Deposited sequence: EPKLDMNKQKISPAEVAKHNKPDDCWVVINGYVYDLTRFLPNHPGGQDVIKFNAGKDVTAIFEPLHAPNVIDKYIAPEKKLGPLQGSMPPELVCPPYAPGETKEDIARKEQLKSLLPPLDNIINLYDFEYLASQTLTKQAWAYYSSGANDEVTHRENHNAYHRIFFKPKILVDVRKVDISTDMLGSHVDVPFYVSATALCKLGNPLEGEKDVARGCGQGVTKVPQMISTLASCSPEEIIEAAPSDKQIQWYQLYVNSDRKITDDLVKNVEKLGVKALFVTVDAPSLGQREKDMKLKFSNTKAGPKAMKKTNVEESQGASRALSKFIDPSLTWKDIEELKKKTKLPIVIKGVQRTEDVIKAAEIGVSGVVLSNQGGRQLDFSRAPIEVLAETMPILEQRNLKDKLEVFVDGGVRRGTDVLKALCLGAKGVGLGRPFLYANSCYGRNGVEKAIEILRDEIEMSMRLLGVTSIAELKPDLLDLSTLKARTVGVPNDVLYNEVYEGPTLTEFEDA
C-alpha cells in the first residue's frame, strides 16, 4: 500500500459506487479515466506505465492518425459482417483481449477470471491471451469461460528451465487453448519508471527477470514447433526482416508489438510496421504464409479498422480491457466488448464495406503515413509577448 495515505478512502467513496452506471460508459477512454484514480498507486503504476519516456507507448496510439479514410458511397450497407477467423478458429469480432500480466491487482477477488467470464458472458465472444504470469492458475482461468466456443490462448514466456516450460506447454495443450503466443520482446523487462518510483519511497541487470530467458533464439523456437502440435505466434516483432524470419522458419503467426511500449522507447509504432511489411509479403509470396496481428494504441473502431485495412489478421488490446475489468469486472469487460464492437460496426458502413474481407487498403489515405515530425522549439520570447485576437464581449 504505503503510498496509501488512509486516503484509500478517497479511493473508497469513488469505487464505492461513485462509478457511474456501466452504460453511461461511452468509450474505452471512460474506463481508463475511472481506473486512473480508484486503483492503487501501485496497481495504476504497474498497469499504466511504459518504457522510460513513454514515447513509443504514446506513439503507438498516435500513429493511427497519420492515416485517414477514403470511404465508399451509395454502397448498400444495411447489413455488415465483422467476423473473421484467426488460427483457423472463426471469431465473432476481429479484435482480442491480450495478455496483460497481474490482473489480481485491480481485480483482487476475481483476476483474469472476470476476464474470461467477460469475453464469454455476452452475445459476443472474443479471444483471450492468458499471460504466462497471470495472477491465476491457467486452469483456474480456462474454467470460468462460459461459452465453450469462447476461444483461449497461451502467451508464454520461455524459461531458463526448459523443463518448467516444456511442462506448461503441454500442461496447457492439456487444458484446451487454441494457440501459442511466445512473447519474444521481453528478455529483460523495460525500465518502467512509474513503477520503480514507488516500489520505493513516495552491474544492475536487476531489470532482466529470470522467468524470462534472456537467451531465447530461432533455435529455441524451431525446437518448440516440434515439441507441439498447437500453432505458434512470435509476439513482439519489430521490423520487416524479423518477420521474414518467421516466414522462413515457417511458423504460423506474429504480433507486431513492443509491448504497449513498455519495453523500448523509440521503437516504432506497429501500425507503421504493419504498413511497411505487408506489401513485402506480396513480393516474396509469403502472402498467406502468416497471420499478422497488431496491438497497443488501439482505442477505437477506426483504429482497428485501419489495422485490418492494412493487413492485420487480428487486433489486440491490453490496457483498455485491463481497466474495464478492474472496475466493473467482467461486466465492465463485456461492455468493452460491446463498445468497441459498435465502433467497428458503424464505421464499417460509413466506410462503405460489409465483410472484414472487403477491408482492403485502397480505402485508406495513406499518403501522410510517414509524417512523423518533430517541430522546432517554438519561440518563447515571441509567443509570450504576442497576443491574439479576442472574442467580442457581452454587456455591462
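Unmodelled segments of the deposited chain, in sequence order: 1-97, 300-316, 511.
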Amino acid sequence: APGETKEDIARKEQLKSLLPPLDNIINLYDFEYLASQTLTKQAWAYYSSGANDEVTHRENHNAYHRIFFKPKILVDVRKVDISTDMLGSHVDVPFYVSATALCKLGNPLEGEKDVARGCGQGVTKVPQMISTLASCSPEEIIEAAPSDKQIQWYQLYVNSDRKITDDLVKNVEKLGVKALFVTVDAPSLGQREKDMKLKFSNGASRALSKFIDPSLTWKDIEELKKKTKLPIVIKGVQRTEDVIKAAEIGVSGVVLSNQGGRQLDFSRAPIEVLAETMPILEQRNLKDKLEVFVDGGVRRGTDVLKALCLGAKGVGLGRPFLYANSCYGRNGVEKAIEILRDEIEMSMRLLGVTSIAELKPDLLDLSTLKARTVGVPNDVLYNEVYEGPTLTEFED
From here on, numbers count along this sequence of modelled residues.
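The stretch with the higher mean CA B factor, choosing between 372-380 and 19-27, is 19-27. For the pair 35-43 and 359-367, the mean Cα B-factor is higher in 35-43. Between the residues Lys235, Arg239, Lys104, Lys313, it is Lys104 that shows the highest Cα B-factor in the PDB record. Across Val77, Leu168, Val294, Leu305, the greatest Cα temperature factor reported in the deposited entry is at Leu168.
When all modelled residues of the chain are sorted by CA temperature factor, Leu180 is found within the middle third. Among the modelled residues of its chain, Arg330 has a C-alpha B-factor that falls in the highest third, as given in the PDB entry.
For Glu140, the recorded CA temperature factor ranks within the highest third of the chain's modelled residues. In the deposited entry, the Cα temperature factor of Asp265 places it in the lowest third of its chain's modelled residues. When the modelled residues of the chain are ordered by C-alpha B-factor, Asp148 sits in the highest third.
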